[PDB]
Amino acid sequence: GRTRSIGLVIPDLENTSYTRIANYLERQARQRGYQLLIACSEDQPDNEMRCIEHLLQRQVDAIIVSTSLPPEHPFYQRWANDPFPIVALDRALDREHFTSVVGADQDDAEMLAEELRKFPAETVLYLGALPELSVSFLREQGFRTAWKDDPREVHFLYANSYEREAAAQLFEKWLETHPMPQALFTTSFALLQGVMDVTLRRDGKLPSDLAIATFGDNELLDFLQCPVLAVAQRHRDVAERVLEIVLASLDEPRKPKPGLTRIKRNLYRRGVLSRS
């Protein structure tokens, strides 16, 4: 009854994090005799639900999804007590009913923020997005823990989306009344790209006196002239775990106990720190 196929619904194959996870999931699925069917949602809920339906129509045996919807959204509640495996990747689904393989956001932000705090800097800027979301709050809580005994006042700035242009416009507006920071903590690589876009437009280069700490990573940051700290997901491990959950959900009498499986990120020392 098994088509030996597994759906993967992710926003795109642009974002390095998503391409890397797709890369490893495809490799590992093929090694177990499964064809991955990738369907990109463009991070849009209506598209995502359409992709889900299309994959069901193609009779995939299971679906791995990074959802753009709230974790408890009714659309997925259809599968809450059903044999059909839906496994969440990166962004959680209802921990009562689904297994989600996600980051250890609070801990990872604390670990990154503790490293950032080691750089002398008068002006410290925290740039996040969508502060009301659980994920955003957890990252800020981790940062605050790391900085709780530091006497510096940190500037908090929040974009309306985790998106490069939104960050650029907000940071550019911020610079009208604040100095360039000497320490910067960004909660997504897209936010950091917007800041870097403005800094390059304004100055033609990054300051040597700027310590950058970001979620997300790109080994090309090794070539920047300022200190850069980055936290990347353990893509290979996440892929192996998700597949193992999908196959256990198919191969065993009972599904894995629902809940979050939080996988720590790696901290990478980039920019001038790669030349220490």
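So that there is no doubt, residue numbering starts at 1 and follows the sequence shown.
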Checklist entry - So which stretch wins on mean C-alpha B-factor, 199-207 or 130-138? => result 199-207
Checklist entry - Comparing 256-264 with 9-17, where is the mean C-alpha B-factor higher? => result 9-17
Checklist entry - In the PDB entry, which of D90, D105, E72, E115 has its C-alpha at the highest B-factor? => result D90
Checklist entry - When the modelled residues of the chain are sorted by Cα temperature factor, does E163 land in the lowest, middle or highest third? => result middle
Checklist entry - Mind checking which third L224 falls in for C-alpha B-factor across the chain? => result highest
Checklist entry - Taking the C-alpha B-factors as the PDB entry records them, is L250 in the lowest, middle or highest third of its chain? => result highest
Item to check | Third of chain Cα B-factors occupied by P151 | outcome: highest
Next on the checklist: Please say which third, lowest, middle or highest, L192 falls into when its CA temperature factor is compared across its chain.
Outcome noted: lowest
